[PDB]
file model_7.cif (mmCIF, N, CA and C atoms)
data_input
loop_
_atom_site.label_atom_id
_atom_site.label_comp_id
_atom_site.auth_asym_id
_atom_site.auth_seq_id
_atom_site.Cartn_x
_atom_site.Cartn_y
_atom_site.Cartn_z
N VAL A 1 31.28 17.98 -9.20
CA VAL A 1 29.95 17.98 -8.58
C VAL A 1 30.02 17.20 -7.28
N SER A 2 29.42 17.75 -6.22
CA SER A 2 29.39 17.12 -4.91
C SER A 2 27.97 17.10 -4.37
N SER A 3 27.68 16.12 -3.52
CA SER A 3 26.35 15.94 -2.97
C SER A 3 26.42 15.20 -1.65
N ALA A 4 25.34 15.29 -0.88
CA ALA A 4 25.18 14.60 0.38
C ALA A 4 24.40 13.30 0.16
N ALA A 5 23.98 12.66 1.25
CA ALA A 5 23.20 11.43 1.18
C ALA A 5 21.80 11.68 1.73
N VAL A 6 20.84 10.90 1.23
CA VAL A 6 19.44 11.08 1.61
C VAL A 6 19.26 10.74 3.08
N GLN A 7 18.39 11.48 3.75
CA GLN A 7 18.11 11.30 5.17
C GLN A 7 16.86 10.43 5.32
N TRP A 8 17.05 9.21 5.82
CA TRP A 8 15.94 8.31 6.08
C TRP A 8 15.30 8.64 7.42
N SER A 9 14.20 7.95 7.73
CA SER A 9 13.50 8.16 8.99
C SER A 9 12.72 6.90 9.33
N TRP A 10 12.32 6.78 10.59
CA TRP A 10 11.51 5.66 11.06
C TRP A 10 10.08 6.15 11.25
N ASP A 11 9.15 5.53 10.53
CA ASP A 11 7.76 5.96 10.53
C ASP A 11 6.84 4.81 10.92
N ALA A 12 5.73 5.17 11.56
CA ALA A 12 4.72 4.20 11.95
C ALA A 12 3.74 3.95 10.80
N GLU A 13 2.78 3.07 11.05
CA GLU A 13 1.78 2.75 10.04
C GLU A 13 0.88 3.96 9.77
N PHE A 14 0.64 4.22 8.49
CA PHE A 14 -0.21 5.33 8.05
C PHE A 14 0.34 6.68 8.50
N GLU A 15 1.59 6.96 8.15
CA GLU A 15 2.24 8.23 8.48
C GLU A 15 2.89 8.80 7.23
N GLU A 16 2.60 10.06 6.93
CA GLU A 16 3.14 10.68 5.72
C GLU A 16 4.64 10.87 5.84
N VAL A 17 5.32 10.73 4.70
CA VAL A 17 6.78 10.77 4.66
C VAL A 17 7.23 12.23 4.60
N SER A 18 8.42 12.50 5.14
CA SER A 18 9.01 13.83 5.12
C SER A 18 9.67 14.08 3.78
N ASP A 19 10.06 15.33 3.55
CA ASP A 19 10.75 15.71 2.32
C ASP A 19 12.25 15.51 2.50
N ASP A 20 12.85 14.68 1.66
CA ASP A 20 14.27 14.37 1.72
C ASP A 20 14.90 14.72 0.37
N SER A 21 15.29 15.98 0.22
CA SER A 21 15.88 16.45 -1.02
C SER A 21 17.37 16.66 -0.83
N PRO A 22 18.23 15.89 -1.48
CA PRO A 22 19.67 16.10 -1.34
C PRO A 22 20.09 17.46 -1.89
N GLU A 23 21.13 18.02 -1.29
CA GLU A 23 21.66 19.33 -1.68
C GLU A 23 22.98 19.12 -2.41
N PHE A 24 23.09 19.69 -3.61
CA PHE A 24 24.29 19.54 -4.41
C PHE A 24 25.21 20.75 -4.27
N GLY A 25 26.44 20.58 -4.75
CA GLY A 25 27.43 21.64 -4.78
C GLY A 25 28.45 21.32 -5.85
N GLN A 26 29.28 22.31 -6.16
CA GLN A 26 30.24 22.20 -7.26
C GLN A 26 31.59 22.80 -6.89
N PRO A 27 32.62 21.99 -6.70
CA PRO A 27 33.98 22.52 -6.56
C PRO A 27 34.49 23.06 -7.89
N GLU A 28 35.47 23.95 -7.80
CA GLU A 28 35.98 24.66 -8.97
C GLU A 28 37.47 24.92 -8.81
N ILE A 29 38.23 24.72 -9.89
CA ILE A 29 39.69 24.79 -9.84
C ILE A 29 40.24 25.60 -11.01
N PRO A 30 40.79 26.79 -10.76
CA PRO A 30 41.40 27.57 -11.84
C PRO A 30 42.86 27.19 -12.08
N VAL A 31 43.38 27.61 -13.23
CA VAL A 31 44.73 27.28 -13.67
C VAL A 31 45.52 28.58 -13.82
N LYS A 32 46.70 28.64 -13.20
CA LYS A 32 47.59 29.79 -13.26
C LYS A 32 48.85 29.46 -14.05
N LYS A 33 49.71 30.46 -14.22
CA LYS A 33 50.89 30.35 -15.06
C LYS A 33 52.11 30.94 -14.36
N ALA A 34 53.27 30.32 -14.60
CA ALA A 34 54.54 30.77 -14.06
C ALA A 34 55.59 30.73 -15.16
N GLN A 35 56.56 31.64 -15.09
CA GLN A 35 57.53 31.77 -16.17
C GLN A 35 58.88 32.23 -15.66
N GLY A 36 59.93 31.88 -16.39
CA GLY A 36 61.27 32.35 -16.10
C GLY A 36 61.97 32.73 -17.39
N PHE A 37 63.02 33.54 -17.25
CA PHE A 37 63.69 34.11 -18.42
C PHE A 37 65.13 34.47 -18.08
N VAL A 38 66.06 33.91 -18.85
CA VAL A 38 67.49 34.08 -18.65
C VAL A 38 68.10 34.60 -19.95
N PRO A 39 68.55 35.85 -20.02
CA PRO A 39 69.17 36.34 -21.24
C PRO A 39 70.61 35.86 -21.36
N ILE A 40 71.18 36.07 -22.55
CA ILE A 40 72.53 35.64 -22.85
C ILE A 40 73.07 36.48 -23.99
N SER A 41 74.37 36.76 -23.94
CA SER A 41 75.02 37.57 -24.96
C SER A 41 75.56 36.68 -26.07
N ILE A 42 75.74 37.26 -27.25
CA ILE A 42 76.32 36.51 -28.36
C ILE A 42 77.74 36.09 -28.03
N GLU A 43 78.52 37.00 -27.45
CA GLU A 43 79.87 36.65 -27.03
C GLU A 43 79.85 35.57 -25.96
N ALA A 44 78.96 35.71 -24.97
CA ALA A 44 78.95 34.78 -23.85
C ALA A 44 78.46 33.40 -24.27
N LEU A 45 77.37 33.33 -25.02
CA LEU A 45 76.85 32.04 -25.47
C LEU A 45 77.86 31.28 -26.30
N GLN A 46 78.80 31.98 -26.92
CA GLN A 46 79.75 31.36 -27.83
C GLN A 46 81.09 31.02 -27.18
N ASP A 47 81.60 31.88 -26.31
CA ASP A 47 82.94 31.71 -25.75
C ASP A 47 82.93 30.91 -24.46
N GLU A 48 81.88 31.01 -23.66
CA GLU A 48 81.75 30.16 -22.48
C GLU A 48 81.39 28.74 -22.90
N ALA A 49 81.91 27.76 -22.16
CA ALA A 49 81.76 26.37 -22.55
C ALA A 49 80.61 25.71 -21.79
N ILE B 1 -24.23 0.32 -15.29
CA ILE B 1 -22.92 -0.30 -15.18
C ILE B 1 -22.92 -1.25 -14.00
N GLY B 2 -22.35 -2.44 -14.19
CA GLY B 2 -22.20 -3.40 -13.12
C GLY B 2 -21.01 -3.08 -12.24
N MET B 3 -20.76 -3.96 -11.27
CA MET B 3 -19.68 -3.73 -10.33
C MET B 3 -18.34 -3.69 -11.05
N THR B 4 -17.56 -2.65 -10.77
CA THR B 4 -16.21 -2.52 -11.28
C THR B 4 -15.29 -2.11 -10.14
N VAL B 5 -14.09 -2.68 -10.12
CA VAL B 5 -13.14 -2.46 -9.04
C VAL B 5 -11.83 -1.95 -9.60
N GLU B 6 -11.32 -0.87 -9.01
CA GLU B 6 -10.04 -0.29 -9.40
C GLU B 6 -9.11 -0.30 -8.20
N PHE B 7 -7.81 -0.37 -8.49
CA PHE B 7 -6.77 -0.48 -7.47
C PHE B 7 -5.95 0.81 -7.51
N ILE B 8 -6.11 1.62 -6.47
CA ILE B 8 -5.34 2.86 -6.34
C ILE B 8 -3.96 2.53 -5.79
N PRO B 9 -2.88 2.82 -6.52
CA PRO B 9 -1.55 2.40 -6.08
C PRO B 9 -0.94 3.22 -4.95
N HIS B 10 -1.34 4.47 -4.76
CA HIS B 10 -0.68 5.33 -3.78
C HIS B 10 -1.70 6.27 -3.17
N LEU B 11 -1.96 6.13 -1.87
CA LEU B 11 -2.71 7.14 -1.15
C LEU B 11 -1.77 8.24 -0.67
N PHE B 12 -2.34 9.39 -0.35
CA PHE B 12 -1.57 10.54 0.09
C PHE B 12 -2.02 10.97 1.48
N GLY B 13 -1.31 11.95 2.04
CA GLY B 13 -1.61 12.43 3.38
C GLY B 13 -1.96 13.90 3.42
N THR B 14 -1.83 14.51 4.60
CA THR B 14 -2.21 15.91 4.76
C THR B 14 -1.32 16.83 3.94
N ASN B 15 -0.02 16.55 3.89
CA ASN B 15 0.95 17.40 3.21
C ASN B 15 1.26 16.91 1.80
N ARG B 16 0.31 16.22 1.16
CA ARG B 16 0.42 15.82 -0.24
C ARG B 16 1.65 14.94 -0.47
N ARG B 17 1.94 14.07 0.49
CA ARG B 17 3.08 13.16 0.44
C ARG B 17 2.59 11.76 0.74
N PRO B 18 3.22 10.75 0.16
CA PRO B 18 2.78 9.37 0.40
C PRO B 18 2.89 9.00 1.87
N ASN B 19 1.92 8.22 2.33
CA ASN B 19 1.91 7.73 3.70
C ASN B 19 2.05 6.22 3.80
N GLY B 20 2.21 5.51 2.69
CA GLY B 20 2.42 4.08 2.73
C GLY B 20 1.14 3.28 2.83
N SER B 21 0.18 3.55 1.95
CA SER B 21 -1.11 2.88 2.02
C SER B 21 -1.64 2.66 0.62
N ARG B 22 -2.65 1.79 0.52
CA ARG B 22 -3.28 1.44 -0.75
C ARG B 22 -4.77 1.24 -0.51
N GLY B 23 -5.53 1.25 -1.60
CA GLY B 23 -6.97 1.10 -1.48
C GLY B 23 -7.65 0.40 -2.63
N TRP B 24 -8.97 0.19 -2.51
CA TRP B 24 -9.77 -0.40 -3.58
C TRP B 24 -11.00 0.50 -3.77
N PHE B 25 -11.26 0.87 -5.01
CA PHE B 25 -12.44 1.65 -5.34
C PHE B 25 -13.41 0.80 -6.17
N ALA B 26 -14.69 0.85 -5.80
CA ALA B 26 -15.68 0.04 -6.49
C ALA B 26 -17.00 0.78 -6.52
N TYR B 27 -17.72 0.63 -7.64
CA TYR B 27 -18.95 1.39 -7.85
C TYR B 27 -19.81 0.70 -8.90
N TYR B 28 -21.09 1.07 -8.92
CA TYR B 28 -22.02 0.68 -9.98
C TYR B 28 -23.15 1.70 -10.01
N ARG B 29 -24.02 1.57 -11.00
CA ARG B 29 -25.08 2.55 -11.20
C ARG B 29 -26.38 1.88 -11.62
N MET B 30 -27.50 2.39 -11.10
CA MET B 30 -28.83 1.99 -11.56
C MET B 30 -29.85 3.03 -11.09
N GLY B 31 -31.11 2.75 -11.37
CA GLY B 31 -32.21 3.58 -10.91
C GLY B 31 -33.53 2.93 -11.26
N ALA B 32 -34.54 3.25 -10.47
CA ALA B 32 -35.83 2.58 -10.65
C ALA B 32 -36.94 3.45 -10.08
N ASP B 33 -38.15 3.23 -10.60
CA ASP B 33 -39.34 3.95 -10.17
C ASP B 33 -40.56 3.24 -10.75
N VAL B 34 -41.74 3.69 -10.31
CA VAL B 34 -43.01 3.14 -10.77
C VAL B 34 -43.61 4.07 -11.82
N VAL B 35 -44.05 3.51 -12.94
CA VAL B 35 -44.63 4.32 -14.00
C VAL B 35 -46.12 4.56 -13.76
N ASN B 36 -46.82 3.58 -13.20
CA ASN B 36 -48.25 3.68 -12.94
C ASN B 36 -48.57 3.21 -11.53
N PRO B 37 -49.08 4.07 -10.65
CA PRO B 37 -49.31 3.68 -9.26
C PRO B 37 -50.65 3.02 -8.97
N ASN B 38 -51.49 2.79 -9.98
CA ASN B 38 -52.78 2.13 -9.78
C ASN B 38 -52.73 0.64 -10.04
N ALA B 39 -51.65 0.14 -10.63
CA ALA B 39 -51.53 -1.28 -10.96
C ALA B 39 -51.00 -2.10 -9.79
N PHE B 40 -51.06 -1.55 -8.58
CA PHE B 40 -50.61 -2.25 -7.39
C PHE B 40 -51.60 -1.99 -6.26
N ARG B 41 -51.66 -2.93 -5.32
CA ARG B 41 -52.47 -2.77 -4.13
C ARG B 41 -51.65 -3.24 -2.93
N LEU B 42 -51.64 -2.44 -1.87
CA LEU B 42 -50.81 -2.69 -0.71
C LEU B 42 -51.64 -2.58 0.55
N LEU B 43 -51.39 -3.46 1.52
CA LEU B 43 -52.11 -3.45 2.78
C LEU B 43 -51.27 -2.79 3.87
N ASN B 44 -51.88 -1.88 4.62
CA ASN B 44 -51.20 -1.13 5.66
C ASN B 44 -51.88 -1.40 7.00
N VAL B 45 -51.12 -1.92 7.95
CA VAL B 45 -51.62 -2.19 9.30
C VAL B 45 -51.08 -1.08 10.20
N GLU B 46 -51.92 -0.10 10.51
CA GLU B 46 -51.50 1.06 11.30
C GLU B 46 -51.69 0.76 12.78
N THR B 47 -50.60 0.82 13.53
CA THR B 47 -50.67 0.69 14.98
C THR B 47 -50.92 2.05 15.62
N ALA B 48 -51.32 2.03 16.89
CA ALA B 48 -51.52 3.27 17.62
C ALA B 48 -50.20 4.00 17.80
N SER B 49 -50.16 5.26 17.36
CA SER B 49 -48.93 6.04 17.39
C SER B 49 -48.66 6.60 18.78
#

call {"tool": "encode", "arguments": {"input": "model_7.cif", "output": "structure tokens"}}
result
Amino acid sequence: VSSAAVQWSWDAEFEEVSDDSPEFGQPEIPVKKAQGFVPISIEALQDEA
Amino acid sequence: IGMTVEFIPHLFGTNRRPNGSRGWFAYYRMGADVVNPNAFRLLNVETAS
């Protein structure tokens, strides 16, 4: 969740205040996948050192 | 009802927003009249109009 800061102002005596509504936002992060694969032979896995 | 005073905490402005002011409200109630107008005598000095 992200947001800004309220905006103040300088006002004189007997002056109505402005509307200061902060605006929010939401960052978002997806998750991906990576893979590898190396085959091997029964002869090779056994005879190679 | 006798004199009663209330303290308004927030006055508003044209756009229905606080303007930074406060007030005091005070009121009372009564009423009166004459039941019989013959039980009195009053003197009237009429000047030239």

call {"tool": "interface_residues", "arguments": {"input": "model_7.cif", "of": "chain A", "to": "chain B", "cutoff": "6 Å", "atoms": "all atoms listed in the file", "output": "PDB file with N, CA and C atoms, in the coordinates of the input"}}
result
ATOM      1  N   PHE A  14       0.640   4.220   8.490  1.00  0.00           N
ATOM      2  CA  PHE A  14      -0.210   5.330   8.050  1.00  0.00           C
ATOM      3  C   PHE A  14       0.340   6.680   8.500  1.00  0.00           C
ATOM      4  N   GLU A  15       1.590   6.960   8.150  1.00  0.00           N
ATOM      5  CA  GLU A  15       2.240   8.230   8.480  1.00  0.00           C
ATOM      6  C   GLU A  15       2.890   8.800   7.230  1.00  0.00           C
ATOM      7  N   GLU A  16       2.600  10.060   6.930  1.00  0.00           N
ATOM      8  CA  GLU A  16       3.140  10.680   5.720  1.00  0.00           C
ATOM      9  C   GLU A  16       4.640  10.870   5.840  1.00  0.00           C
ATOM     10  N   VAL A  17       5.320  10.730   4.700  1.00  0.00           N
ATOM     11  CA  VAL A  17       6.780  10.770   4.660  1.00  0.00           C
ATOM     12  C   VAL A  17       7.230  12.230   4.600  1.00  0.00           C
TER      13      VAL A  17
END

call {"tool": "select_by_dssp", "arguments": {"input": "model_7.cif", "residues": "chain B", "states": "strand (DSSP E)", "output": "VMD selection string"}}
result
chain B and resid 4 to 8 23 to 27

call {"tool": "atom_distance", "arguments": {"input": "model_7.cif", "atom1": "atom CA of residue 25 of chain A", "atom2": "atom CA of residue 2 of chain A"}}
result
4.9 Å

call {"tool": "resolve_selection", "arguments": {"input": "model_7.cif", "expression": "the PyMOL selection byres (((chain A and resi 26-33 and name CA) around 10) and name CA)", "output": "PyMOL selection string"}}
result
chain A and resi 1-3+24-25+34-35

call {"tool": "select_by_dssp", "arguments": {"input": "model_7.cif", "residues": "chain A", "states": "alpha helix (DSSP H)", "output": "list in words"}}
result
residues 42, 43, 44, 45, 46 and 47 of chain A

call {"tool": "resolve_selection", "arguments": {"input": "model_7.cif", "expression": "the PyMOL selection byres (((chain A and resi 21 and name CA) around 12) and name CA)", "output": "number ranges by chain"}}
result
A: 3-8, 18-20, 22-24

call {"tool": "resolve_selection", "arguments": {"input": "model_7.cif", "expression": "the PyMOL selection byres ((chain B and resi 27) around 5)", "output": "list in words"}}
result
residues 3, 4, 25, 26, 28 and 29 of chain B

call {"tool": "build_atoms", "arguments": {"input": "model_7.cif", "residues": "segment 13-33 of chain A", "atoms": "N, CA, C and O atoms", "output": "mmCIF file, in the coordinates of the input"}}
result
data_model
loop_
_atom_site.group_PDB
_atom_site.id
_atom_site.type_symbol
_atom_site.label_atom_id
_atom_site.label_comp_id
_atom_site.auth_asym_id
_atom_site.auth_seq_id
_atom_site.Cartn_x
_atom_site.Cartn_y
_atom_site.Cartn_z
ATOM 1 N N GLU A 13 2.780 3.070 11.050
ATOM 2 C CA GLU A 13 1.780 2.750 10.040
ATOM 3 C C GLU A 13 0.880 3.960 9.770
ATOM 4 O O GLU A 13 0.431 4.631 10.700
ATOM 5 N N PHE A 14 0.640 4.220 8.490
ATOM 6 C CA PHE A 14 -0.210 5.330 8.050
ATOM 7 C C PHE A 14 0.340 6.680 8.500
ATOM 8 O O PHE A 14 -0.349 7.469 9.151
ATOM 9 N N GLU A 15 1.590 6.960 8.150
ATOM 10 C CA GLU A 15 2.240 8.230 8.480
ATOM 11 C C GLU A 15 2.890 8.800 7.230
ATOM 12 O O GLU A 15 3.651 8.099 6.553
ATOM 13 N N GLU A 16 2.600 10.060 6.930
ATOM 14 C CA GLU A 16 3.140 10.680 5.720
ATOM 15 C C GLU A 16 4.640 10.870 5.840
ATOM 16 O O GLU A 16 5.182 11.144 6.908
ATOM 17 N N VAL A 17 5.320 10.730 4.700
ATOM 18 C CA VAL A 17 6.780 10.770 4.660
ATOM 19 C C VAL A 17 7.230 12.230 4.600
ATOM 20 O O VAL A 17 6.518 13.090 4.086
ATOM 21 N N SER A 18 8.420 12.500 5.140
ATOM 22 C CA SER A 18 9.010 13.830 5.120
ATOM 23 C C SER A 18 9.670 14.080 3.780
ATOM 24 O O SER A 18 9.838 13.171 2.959
ATOM 25 N N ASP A 19 10.060 15.330 3.550
ATOM 26 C CA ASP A 19 10.750 15.710 2.320
ATOM 27 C C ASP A 19 12.250 15.510 2.500
ATOM 28 O O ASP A 19 12.849 16.105 3.402
ATOM 29 N N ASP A 20 12.850 14.680 1.660
ATOM 30 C CA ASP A 20 14.270 14.370 1.720
ATOM 31 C C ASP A 20 14.900 14.720 0.370
ATOM 32 O O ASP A 20 15.045 13.873 -0.508
ATOM 33 N N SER A 21 15.290 15.980 0.220
ATOM 34 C CA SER A 21 15.880 16.450 -1.020
ATOM 35 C C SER A 21 17.370 16.660 -0.830
ATOM 36 O O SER A 21 17.764 17.544 -0.046
ATOM 37 N N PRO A 22 18.230 15.890 -1.480
ATOM 38 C CA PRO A 22 19.670 16.100 -1.340
ATOM 39 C C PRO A 22 20.090 17.460 -1.890
ATOM 40 O O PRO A 22 19.480 17.981 -2.824
ATOM 41 N N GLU A 23 21.130 18.020 -1.290
ATOM 42 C CA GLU A 23 21.660 19.330 -1.680
ATOM 43 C C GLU A 23 22.980 19.120 -2.410
ATOM 44 O O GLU A 23 23.881 18.456 -1.898
ATOM 45 N N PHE A 24 23.090 19.690 -3.610
ATOM 46 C CA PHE A 24 24.290 19.540 -4.410
ATOM 47 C C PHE A 24 25.210 20.750 -4.270
ATOM 48 O O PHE A 24 24.833 21.799 -3.749
ATOM 49 N N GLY A 25 26.440 20.580 -4.750
ATOM 50 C CA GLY A 25 27.430 21.640 -4.780
ATOM 51 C C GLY A 25 28.450 21.320 -5.850
ATOM 52 O O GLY A 25 28.508 20.205 -6.372
ATOM 53 N N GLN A 26 29.280 22.310 -6.160
ATOM 54 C CA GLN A 26 30.240 22.200 -7.260
ATOM 55 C C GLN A 26 31.590 22.800 -6.890
ATOM 56 O O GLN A 26 31.695 24.039 -6.758
ATOM 57 N N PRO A 27 32.620 21.990 -6.700
ATOM 58 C CA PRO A 27 33.980 22.520 -6.560
ATOM 59 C C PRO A 27 34.490 23.060 -7.890
ATOM 60 O O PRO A 27 34.022 22.691 -8.970
ATOM 61 N N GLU A 28 35.470 23.950 -7.800
ATOM 62 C CA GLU A 28 35.980 24.660 -8.970
ATOM 63 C C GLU A 28 37.470 24.920 -8.810
ATOM 64 O O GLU A 28 37.917 25.299 -7.729
ATOM 65 N N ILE A 29 38.230 24.720 -9.890
ATOM 66 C CA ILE A 29 39.690 24.790 -9.840
ATOM 67 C C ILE A 29 40.240 25.600 -11.010
ATOM 68 O O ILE A 29 40.178 25.158 -12.159
ATOM 69 N N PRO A 30 40.790 26.790 -10.760
ATOM 70 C CA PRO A 30 41.400 27.570 -11.840
ATOM 71 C C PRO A 30 42.860 27.190 -12.080
ATOM 72 O O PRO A 30 43.499 26.552 -11.247
ATOM 73 N N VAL A 31 43.380 27.610 -13.230
ATOM 74 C CA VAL A 31 44.730 27.280 -13.670
ATOM 75 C C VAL A 31 45.520 28.580 -13.820
ATOM 76 O O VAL A 31 45.068 29.517 -14.484
ATOM 77 N N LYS A 32 46.700 28.640 -13.200
ATOM 78 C CA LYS A 32 47.590 29.790 -13.260
ATOM 79 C C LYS A 32 48.850 29.460 -14.050
ATOM 80 O O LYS A 32 49.042 28.328 -14.512
ATOM 81 N N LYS A 33 49.710 30.460 -14.220
ATOM 82 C CA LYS A 33 50.890 30.350 -15.060
ATOM 83 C C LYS A 33 52.110 30.940 -14.360
ATOM 84 O O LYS A 33 52.020 31.939 -13.643
#
